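A short write-up of the structure that comes next.
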Amino acid sequence: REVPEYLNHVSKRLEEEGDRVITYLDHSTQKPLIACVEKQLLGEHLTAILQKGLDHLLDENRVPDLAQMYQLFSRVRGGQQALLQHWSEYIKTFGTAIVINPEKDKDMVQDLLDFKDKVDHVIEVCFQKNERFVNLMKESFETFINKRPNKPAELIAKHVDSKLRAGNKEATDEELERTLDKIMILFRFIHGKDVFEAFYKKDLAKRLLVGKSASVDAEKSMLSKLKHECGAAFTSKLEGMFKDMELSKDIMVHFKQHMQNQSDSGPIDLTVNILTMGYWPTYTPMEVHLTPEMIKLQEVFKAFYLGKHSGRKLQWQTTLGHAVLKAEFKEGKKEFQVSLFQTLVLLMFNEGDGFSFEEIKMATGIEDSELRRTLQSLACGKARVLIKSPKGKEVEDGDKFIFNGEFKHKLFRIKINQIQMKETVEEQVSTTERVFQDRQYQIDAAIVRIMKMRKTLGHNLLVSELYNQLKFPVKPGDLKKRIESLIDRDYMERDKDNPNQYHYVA
Amino acid sequence: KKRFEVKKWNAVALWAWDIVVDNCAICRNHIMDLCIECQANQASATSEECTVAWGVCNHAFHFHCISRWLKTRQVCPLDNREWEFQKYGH
Ligand SMILES: [Zn+2]
Ligand SMILES: [Zn+2]
Ligand SMILES: [Zn+2]
């Protein structure tokens with residue numbers, strides 16, 4: 001017979017051989033008898049019972065059946081012990097195949113979360129919360145997620161990012177704090193949170209600079225939540241990204257109260273955000289031709305900032321800019337929310353019309369890599385503002401763009417700005433190199449930090465500390481490589497004559 | 001008349017301390033040019049690992065000319081804000 005049914009027959013015999021002792025049997029016998037039954041329906045096949053029934057039970061969610069199994073197996077010698085073994089090796093096996101195929105990374109996180117739920121939920125009901133099991137679920141859970149080096153951490157982030165952007169689905173706070181806490185509990189399992197921070201940061205900046213978030217007080221808890229169970233320096237940066245936002249406001253108010261008493265002419269409402277170079281991600285400056293009207297504004301501001309804030313230097317980042325354009329069409333008058341790179345291009349069409357990629361790349365001054373997609377929108381995608389002559393999914397060299405005349409759009413204020421929030425493959429790779437080529441210093445700098453604490457230490461007794469201090473792996477290859485650099489530059493040394501002991505050496 | 005002006009215009013800019021000719025400031029060569037320790041082949045040939053480190057105080061320096069300035073003291077040698085290290089990379 002199958003198992004759910006076999007385990008039922010066992011809880012039956014035990015009931016009968018039990019309700020037998022009460023009747024015609026001597027209360028003495030109950031102990032020997034029951035041990036016998038137990039050691040013939042359970043002992044003698046535990047291994048055999050799990051090996052061919054547990055798996056199926058779990059990935060099908062037979063709650064009741066799991067319980068009878070827990071209770072029963074518990075009564076035997078190493079029954080509860082053996083039930084762990086399988087359960088854990090089950091979690092890992094099914095868990096591994098959730099995170100090891102690059103092709104399935106899209107579903108990576110959600111499926112991890114949902115699994116964790118089934119698993120947890122079985123521990124509550126089916127295993128009565130036995131903590132030996134929580135230990136193993138936790139422990140094992142971290143053995144399989146980390147069989148896949150860096151994606152987990154990354155993805156977790158890109159996932160959180162989709163929870164804080166513009167969107168209706170996250171319409172309540174009670175549960176947003178939950179879906180947020182549920183993730184955080186996964187987080188803890190990952191190795192390479194320095195990768196999480198990496199993409200996390202990168203994704204906030206884009207959120208803080210281009211287009212709103214779910215909630216202000218919401219985006220805050222997240223930090224609060226990371227500060228806790230991770231470090232105050234881990235989040236040090238992000239906390240700063242925000243401050244800069246508060247300051248940029250302050251300043252902005254003053255520049256306006258000052259700009260007030262000037263009888264003003266400027267038709268452009270300019271709002272500027274000033275960021276602390278060390279906190280925020282690294283940004284590559286792009287040279288572009290800004291309309292005269294534009295430069296001026298930016299200059300007057302610069303003067304206002306450099307003055308009142310002596311000892312500083314600015315550097316405008318066009319990549320992150322965005323603006324609002326009023327458009328004069330037929331059957332409309334709409335206004336667009338466009339990136340800087342988009343704004344420029346479009347403007348050409350005021351005192352112009354019908355242009356070819358090349359003649360465009362000449363006059364503002366973008367970059368092929370970008371101008372393409374910056375142009376891929378405006379046309380191709382949704383096909384709505386601009387029209388591409390050699391019409392095609394992509395953009396070539398001749399392709400002419402015509403100022404469209406369509407507009408049936410039932411709106412005002414369109415957001416073409418989507419381009420500004422997509423991480424290209426380049427961005428991705430780059431924002432990963434600056435973490436592998438980052439760990440190196442974090443290792444070195446962390447080595448030195450400890451060496452000072454205790455002037456003399458054993459190698460394997462160090463590799464241990466690093467596993468606690470760093471927020472990542474640390475290949476034995478790389479470490480070896482590190483002590484090298486530090487002995488050569490005179491920060492530490494091998495003394496007492498045994499390559500397993502190290503002395504600081506100020 | 002125009003088929004497209006500009007109503008709002010959000011701009012972004014990053015600030016950094018203006019430090020005369022952006023010098024390594026501890027070795028005062030250049031923020032991005034070997035260093036001293038590196039620039040001269042003494043007993044240290046690790047010029048490959050020579051980049052900028054920024055502190056919380058926000059002035060940057062070569063990871064090298066600075067990791068040194070830490071054994072002895074421990075405070076952004078231009079700031080007073082005790083160093084702490086938030087970013088590697090030019
Ligand atoms: Zn160097
Ligand atoms: Zn400084
Ligand atoms: Zn230096």
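Here's how to read the names in the structure tokens: chain A, B, ... by the order shown, residue numbers from 1 in each chain, ligand numbers from 1 in the order shown.
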Using only C-alpha atoms and all ligand atoms, which residues have at least one atom no more than 8 Å from ligand 1? Output them as a PDB file with C-alpha atoms, in the first residue's frame.
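This went into result24.pdb:
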```
ATOM      1  CA  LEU B  34      50.757  56.312  -9.429  1.00  0.00           C
ATOM      2  CA  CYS B  35      51.718  57.703  -6.123  1.00  0.00           C
ATOM      3  CA  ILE B  36      55.118  58.003  -4.517  1.00  0.00           C
ATOM      4  CA  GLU B  37      55.420  54.722  -2.773  1.00  0.00           C
ATOM      5  CA  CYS B  38      54.425  53.295  -6.142  1.00  0.00           C
ATOM      6  CA  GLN B  39      55.978  55.905  -8.418  1.00  0.00           C
ATOM      7  CA  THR B  46      52.188  46.943  -6.373  1.00  0.00           C
ATOM      8  CA  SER B  47      51.477  49.992  -8.558  1.00  0.00           C
ATOM      9  CA  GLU B  48      48.628  47.938 -10.057  1.00  0.00           C
ATOM     10  CA  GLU B  49      46.594  48.353  -6.864  1.00  0.00           C
ATOM     11  CA  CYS B  50      46.734  52.172  -6.977  1.00  0.00           C
ATOM     12  CA  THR B  51      43.391  53.953  -6.930  1.00  0.00           C
ATOM     13  CA  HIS B  62      45.199  57.302  -3.178  1.00  0.00           C
ATOM     14  CA  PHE B  63      44.315  54.067  -1.413  1.00  0.00           C
ATOM     15  CA  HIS B  64      48.028  53.952  -0.824  1.00  0.00           C
ATOM     16  CA  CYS B  65      49.022  57.455   0.356  1.00  0.00           C
TER      17      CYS B  65
END
```
Sorted by chain and rising residue number, list the residues of chain A at most 12 Å from ligand 2 (counting only C-alpha atoms and all ligand atoms), each with its closest atom pair and distance in Å to one decimal, as a tab-separated table.
```
residue	atom	partner	partner_atom_place_in_ligand_line	distance
A:278	CA	ligand 2	1 (Zn)	10.9
A:311	CA	ligand 2	1 (Zn)	11.3
A:312	CA	ligand 2	1 (Zn)	11.6
```
State, in Å with one decimal place, the distance from atom CA of residue 157 of chain A to atom CA of residue 240 of chain A. 18.8 Å
Residues of chain A within 6 Å of chain B, only C-alpha atoms counted, as number ranges by chain: A: 268-278, 311-317, 321-328, 350, 488-489
Restricting it to N, CA, C and O atoms, dump the selection as a compact mmCIF listing (two decimals), in the first residue's frame.
```txt
# COMPACT_ATOMS: atom_id res chain seq x y z
N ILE A 268 11.94 79.23 -17.62
CA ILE A 268 12.15 77.85 -17.18
C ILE A 268 12.21 77.71 -15.66
O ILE A 268 12.94 78.44 -14.98
N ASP A 269 11.43 76.77 -15.14
CA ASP A 269 11.43 76.50 -13.71
C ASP A 269 12.47 75.39 -13.53
O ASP A 269 12.25 74.24 -13.90
N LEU A 270 13.61 75.77 -12.98
CA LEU A 270 14.71 74.85 -12.78
C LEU A 270 14.83 74.39 -11.35
O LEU A 270 14.82 75.20 -10.43
N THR A 271 14.93 73.08 -11.16
CA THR A 271 15.11 72.51 -9.83
C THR A 271 16.37 71.66 -9.95
O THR A 271 16.50 70.83 -10.84
N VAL A 272 17.30 71.88 -9.04
CA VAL A 272 18.54 71.16 -9.09
C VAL A 272 18.77 70.28 -7.88
O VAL A 272 18.36 70.60 -6.76
N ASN A 273 19.41 69.14 -8.11
CA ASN A 273 19.73 68.23 -7.02
C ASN A 273 21.25 68.08 -6.96
O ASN A 273 21.89 67.69 -7.94
N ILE A 274 21.80 68.43 -5.80
CA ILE A 274 23.24 68.38 -5.57
C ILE A 274 23.59 67.13 -4.77
O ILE A 274 23.08 66.93 -3.67
N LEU A 275 24.47 66.30 -5.33
CA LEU A 275 24.85 65.05 -4.69
C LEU A 275 26.31 64.96 -4.26
O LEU A 275 27.20 65.40 -4.97
N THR A 276 26.54 64.35 -3.09
CA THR A 276 27.88 64.16 -2.54
C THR A 276 28.63 63.04 -3.27
O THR A 276 28.36 61.86 -3.02
N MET A 277 29.56 63.41 -4.14
CA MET A 277 30.33 62.47 -4.95
C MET A 277 30.76 61.14 -4.34
O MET A 277 30.79 60.13 -5.03
N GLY A 278 31.07 61.13 -3.05
CA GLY A 278 31.51 59.90 -2.42
C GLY A 278 30.41 58.92 -2.04
O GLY A 278 30.63 57.73 -2.01
N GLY A 311 34.71 76.37 -1.11
CA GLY A 311 35.59 75.22 -1.03
C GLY A 311 35.06 74.01 -1.76
O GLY A 311 35.39 72.88 -1.41
N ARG A 312 34.25 74.24 -2.78
CA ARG A 312 33.68 73.12 -3.51
C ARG A 312 33.77 73.22 -5.02
O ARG A 312 34.20 74.23 -5.57
N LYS A 313 33.35 72.16 -5.68
CA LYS A 313 33.41 72.09 -7.13
C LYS A 313 32.26 71.24 -7.65
O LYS A 313 32.03 70.13 -7.15
N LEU A 314 31.53 71.74 -8.64
CA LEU A 314 30.43 70.97 -9.19
C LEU A 314 30.85 70.24 -10.45
O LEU A 314 31.98 70.37 -10.92
N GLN A 315 29.93 69.46 -11.00
CA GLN A 315 30.17 68.71 -12.21
C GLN A 315 28.82 68.19 -12.64
O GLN A 315 28.37 67.16 -12.14
N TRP A 316 28.17 68.91 -13.54
CA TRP A 316 26.86 68.50 -13.99
C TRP A 316 26.79 67.15 -14.69
O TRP A 316 27.58 66.83 -15.57
N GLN A 317 25.83 66.34 -14.24
CA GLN A 317 25.62 65.01 -14.80
C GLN A 317 24.38 64.97 -15.67
O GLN A 317 23.29 64.75 -15.19
N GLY A 321 19.64 63.83 -15.76
CA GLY A 321 18.64 64.87 -15.89
C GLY A 321 17.35 64.46 -16.57
O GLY A 321 17.28 63.42 -17.22
N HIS A 322 16.32 65.28 -16.40
CA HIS A 322 15.03 65.03 -17.02
C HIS A 322 14.28 66.35 -17.01
O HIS A 322 14.61 67.23 -16.22
N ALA A 323 13.28 66.50 -17.87
CA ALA A 323 12.53 67.74 -17.93
C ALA A 323 11.11 67.57 -18.44
O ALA A 323 10.68 66.48 -18.79
N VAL A 324 10.39 68.69 -18.49
CA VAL A 324 9.01 68.70 -18.97
C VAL A 324 8.89 69.58 -20.21
O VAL A 324 9.22 70.77 -20.17
N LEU A 325 8.42 68.98 -21.30
CA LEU A 325 8.24 69.68 -22.57
C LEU A 325 6.77 69.86 -22.92
O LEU A 325 5.98 68.93 -22.81
N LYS A 326 6.40 71.07 -23.33
CA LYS A 326 5.03 71.33 -23.75
C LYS A 326 5.08 71.04 -25.24
O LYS A 326 6.04 71.42 -25.89
N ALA A 327 4.10 70.34 -25.78
CA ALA A 327 4.14 70.03 -27.21
C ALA A 327 2.91 70.55 -27.94
O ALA A 327 1.77 70.35 -27.50
N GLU A 328 3.13 71.23 -29.06
CA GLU A 328 2.03 71.77 -29.86
C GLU A 328 1.66 70.88 -31.04
O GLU A 328 2.24 70.98 -32.13
N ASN A 350 11.79 72.17 -33.73
CA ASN A 350 11.04 73.42 -33.63
C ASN A 350 11.35 74.25 -34.88
O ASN A 350 10.45 74.63 -35.64
N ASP A 488 54.91 42.95 1.82
CA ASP A 488 55.80 43.70 0.94
C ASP A 488 55.78 45.19 1.27
O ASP A 488 56.82 45.85 1.29
N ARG A 489 54.59 45.72 1.54
CA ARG A 489 54.44 47.14 1.85
C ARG A 489 54.68 47.47 3.34
O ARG A 489 54.55 48.63 3.75
```
Set the distance at 9 Å and use only C-alpha atoms: which residues neighbour segment 214-230 of chain A once local chain neighbours fewer than 5 positions away are removed? I'd like the list as a ChimeraX atom specification. /A:163-168,170-171,173,176-177,180-181,184,188,193,235-236,238-239,471
Create the file for the chosen residues now, containing N, CA, C and O atoms and written as a JSON list (two decimals), in the first residue's frame.
```
[["chain", "number", "residue", "atom", "x", "y", "z"],
["A", 163, "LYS", "N", 9.47, 46.75, -5.91],
["A", 163, "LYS", "CA", 8.45, 46.89, -4.88],
["A", 163, "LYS", "C", 8.35, 48.32, -4.41],
["A", 163, "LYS", "O", 7.38, 48.69, -3.76],
["A", 164, "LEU", "N", 9.34, 49.13, -4.74],
["A", 164, "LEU", "CA", 9.34, 50.51, -4.30],
["A", 164, "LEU", "C", 9.12, 51.54, -5.41],
["A", 164, "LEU", "O", 9.03, 52.73, -5.13],
["A", 165, "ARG", "N", 9.02, 51.08, -6.66],
["A", 165, "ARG", "CA", 8.79, 51.99, -7.78],
["A", 165, "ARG", "C", 7.32, 52.39, -7.85],
["A", 165, "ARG", "O", 6.53, 52.02, -6.98],
["A", 166, "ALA", "N", 6.93, 53.16, -8.87],
["A", 166, "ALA", "CA", 5.55, 53.62, -9.12],
["A", 166, "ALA", "C", 4.70, 52.39, -9.47],
["A", 166, "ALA", "O", 5.06, 51.60, -10.32],
["A", 167, "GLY", "N", 3.62, 52.25, -8.72],
["A", 167, "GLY", "CA", 2.72, 51.16, -8.90],
["A", 167, "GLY", "C", 1.80, 50.79, -7.67],
["A", 167, "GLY", "O", 2.23, 50.67, -6.53],
["A", 168, "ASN", "N", 0.45, 50.59, -8.05],
["A", 168, "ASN", "CA", -0.92, 50.32, -7.44],
["A", 168, "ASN", "C", -1.08, 49.05, -6.61],
["A", 168, "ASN", "O", -1.88, 48.95, -5.68],
["A", 170, "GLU", "N", 1.14, 47.99, -4.84],
["A", 170, "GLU", "CA", 1.63, 48.00, -3.49],
["A", 170, "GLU", "C", 0.81, 48.98, -2.77],
["A", 170, "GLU", "O", 1.33, 49.92, -2.15],
["A", 171, "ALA", "N", -0.47, 48.82, -2.82],
["A", 171, "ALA", "CA", -1.33, 49.85, -2.32],
["A", 171, "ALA", "C", -1.61, 49.93, -0.83],
["A", 171, "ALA", "O", -2.42, 50.76, -0.43],
["A", 173, "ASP", "N", 0.18, 49.65, 3.36],
["A", 173, "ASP", "CA", 1.43, 49.68, 4.12],
["A", 173, "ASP", "C", 1.55, 48.46, 5.02],
["A", 173, "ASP", "O", 2.64, 47.94, 5.22],
["A", 176, "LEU", "N", 2.97, 45.81, 2.83],
["A", 176, "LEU", "CA", 4.20, 46.17, 2.12],
["A", 176, "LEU", "C", 5.34, 45.99, 3.11],
["A", 176, "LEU", "O", 6.47, 45.69, 2.73],
["A", 177, "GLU", "N", 5.05, 46.19, 4.39],
["A", 177, "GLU", "CA", 6.05, 46.01, 5.43],
["A", 177, "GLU", "C", 6.27, 44.51, 5.61],
["A", 177, "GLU", "O", 7.32, 44.07, 6.09],
["A", 180, "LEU", "N", 8.09, 43.08, 2.62],
["A", 180, "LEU", "CA", 9.42, 43.66, 2.79],
["A", 180, "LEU", "C", 10.18, 42.88, 3.86],
["A", 180, "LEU", "O", 11.39, 42.68, 3.77],
["A", 181, "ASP", "N", 9.46, 42.43, 4.89],
["A", 181, "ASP", "CA", 10.11, 41.69, 5.95],
["A", 181, "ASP", "C", 10.32, 40.25, 5.54],
["A", 181, "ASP", "O", 11.28, 39.60, 5.95],
["A", 184, "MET", "N", 13.57, 40.28, 3.63],
["A", 184, "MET", "CA", 14.68, 40.49, 4.53],
["A", 184, "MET", "C", 15.09, 39.19, 5.22],
["A", 184, "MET", "O", 16.27, 38.98, 5.51],
["A", 188, "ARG", "N", 19.22, 37.50, 4.81],
["A", 188, "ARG", "CA", 20.13, 36.95, 5.79],
["A", 188, "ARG", "C", 20.87, 35.70, 5.34],
["A", 188, "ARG", "O", 21.98, 35.42, 5.80],
["A", 193, "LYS", "N", 26.45, 40.29, 0.22],
["A", 193, "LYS", "CA", 25.52, 41.38, 0.38],
["A", 193, "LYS", "C", 26.18, 42.63, -0.20],
["A", 193, "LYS", "O", 25.51, 43.62, -0.49],
["A", 235, "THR", "N", 25.05, 50.49, 5.42],
["A", 235, "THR", "CA", 24.06, 51.41, 4.90],
["A", 235, "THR", "C", 24.51, 52.87, 4.96],
["A", 235, "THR", "O", 23.82, 53.75, 4.46],
["A", 236, "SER", "N", 25.67, 53.11, 5.57],
["A", 236, "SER", "CA", 26.21, 54.47, 5.69],
["A", 236, "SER", "C", 25.92, 55.33, 4.46],
["A", 236, "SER", "O", 25.29, 56.38, 4.55],
["A", 238, "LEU", "N", 23.85, 54.99, 1.64],
["A", 238, "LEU", "CA", 22.44, 55.22, 1.33],
["A", 238, "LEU", "C", 21.82, 56.27, 2.23],
["A", 238, "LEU", "O", 21.06, 57.12, 1.76],
["A", 239, "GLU", "N", 22.13, 56.20, 3.52],
["A", 239, "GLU", "CA", 21.60, 57.15, 4.47],
["A", 239, "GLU", "C", 22.04, 58.53, 4.04],
["A", 239, "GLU", "O", 21.35, 59.52, 4.26],
["A", 471, "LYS", "N", 31.53, 41.21, 4.25],
["A", 471, "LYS", "CA", 30.17, 40.90, 3.85],
["A", 471, "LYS", "C", 30.27, 40.02, 2.61],
["A", 471, "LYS", "O", 29.43, 40.10, 1.72]]
```
With a distance cut-off of 10 Å and only C-alpha atoms, select the neighbouring residues of segment 374-377 of chain A, excluding the residue or stretch itself and same-chain residues fewer than 2 positions from it, and output the selection as a PyMOL selection string. chain A and resi 339-343+345-346+357+366-372+379-386+388+392-395+401+416-420
Near segment 282-291 of chain A, counting only C-alpha atoms, which residues have an atom at most 7 Å away, once you skip same-chain residues fewer than 2 positions from it, shown as an mmCIF file with N, CA, C and O atoms, in the first residue's frame?
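Output (part-v6.cif):
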```
data_model
loop_
_atom_site.group_PDB
_atom_site.id
_atom_site.type_symbol
_atom_site.label_atom_id
_atom_site.label_comp_id
_atom_site.auth_asym_id
_atom_site.auth_seq_id
_atom_site.Cartn_x
_atom_site.Cartn_y
_atom_site.Cartn_z
ATOM 1 N N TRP A 280 27.040 58.597 -3.519
ATOM 2 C CA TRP A 280 26.437 58.062 -4.735
ATOM 3 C C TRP A 280 27.388 57.303 -5.642
ATOM 4 O O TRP A 280 28.607 57.480 -5.584
ATOM 5 N N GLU A 293 19.642 79.355 -23.452
ATOM 6 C CA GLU A 293 18.705 79.552 -22.354
ATOM 7 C C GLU A 293 19.070 78.644 -21.178
ATOM 8 O O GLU A 293 19.082 79.064 -20.012
ATOM 9 N N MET A 294 19.378 77.395 -21.512
ATOM 10 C CA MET A 294 19.723 76.386 -20.527
ATOM 11 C C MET A 294 20.982 76.702 -19.741
ATOM 12 O O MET A 294 20.917 76.894 -18.528
ATOM 13 N N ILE A 295 22.120 76.765 -20.422
ATOM 14 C CA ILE A 295 23.386 77.046 -19.752
ATOM 15 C C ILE A 295 23.258 78.148 -18.708
ATOM 16 O O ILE A 295 23.605 77.950 -17.543
ATOM 17 N N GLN A 317 25.830 66.342 -14.245
ATOM 18 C CA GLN A 317 25.623 65.014 -14.800
ATOM 19 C C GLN A 317 24.385 64.973 -15.674
ATOM 20 O O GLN A 317 23.287 64.754 -15.187
ATOM 21 N N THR A 318 24.565 65.173 -16.970
ATOM 22 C CA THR A 318 23.441 65.166 -17.893
ATOM 23 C C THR A 318 22.684 63.829 -17.933
ATOM 24 O O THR A 318 21.465 63.789 -18.123
ATOM 25 N N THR A 319 23.409 62.735 -17.744
ATOM 26 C CA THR A 319 22.816 61.407 -17.780
ATOM 27 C C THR A 319 21.592 61.266 -16.892
ATOM 28 O O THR A 319 20.615 60.613 -17.256
ATOM 29 N N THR A 364 23.664 68.265 -31.002
ATOM 30 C CA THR A 364 23.381 68.306 -29.611
ATOM 31 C C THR A 364 24.650 67.736 -29.100
ATOM 32 O O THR A 364 25.478 68.374 -28.432
ATOM 33 N N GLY A 365 24.802 66.476 -29.501
ATOM 34 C CA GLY A 365 26.019 65.746 -29.189
ATOM 35 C C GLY A 365 25.860 64.632 -28.182
ATOM 36 O O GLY A 365 26.299 64.752 -27.038
ATOM 37 N N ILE A 366 25.227 63.534 -28.571
ATOM 38 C CA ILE A 366 25.046 62.396 -27.714
ATOM 39 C C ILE A 366 26.147 61.385 -28.009
ATOM 40 O O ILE A 366 27.232 61.767 -28.461
#
```
Would you list, as a ChimeraX atom specification, the residues of chain B that end up in alpha helix (DSSP H) under DSSP run on this structure's backbone? /B:64-67
Write the residues of the selection above to a file with C-alpha atoms, as a PDB file, in the first residue's frame.
```
ATOM      1  CA  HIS B  64      48.028  53.952  -0.824  1.00  0.00           C
ATOM      2  CA  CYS B  65      49.022  57.455   0.356  1.00  0.00           C
ATOM      3  CA  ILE B  66      46.381  57.160   3.152  1.00  0.00           C
ATOM      4  CA  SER B  67      46.295  53.571   4.295  1.00  0.00           C
TER       5      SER B  67
END
```
Write out as a count of residues only the residues lying within 8 Å of segment 127-137 of chain A, counting only C-alpha atoms and excluding same-chain residues fewer than 3 positions away. 11
Strand (DSSP E or B) per DSSP on the backbone: members of chain B, as a VMD selection string: chain B and resid 5 to 17 52 to 54 60 to 62 77 79 88
Pick from B:32, B:26, B:40, B:75 nearest to ligand 3, counting only C-alpha atoms and all ligand atoms: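 When distances to ligand 3 are compared using only C-alpha atoms and all ligand atoms, the smallest one comes from B:26.
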Contacts of segment 58-60 of chain A within 12 Å, only C-alpha atoms, excl. fewer than 4 positions in-chain, as a ChimeraX atom specification: /A:4,50,52-54,64-67,69,86-88,90-91,93-95,115,118-123,126
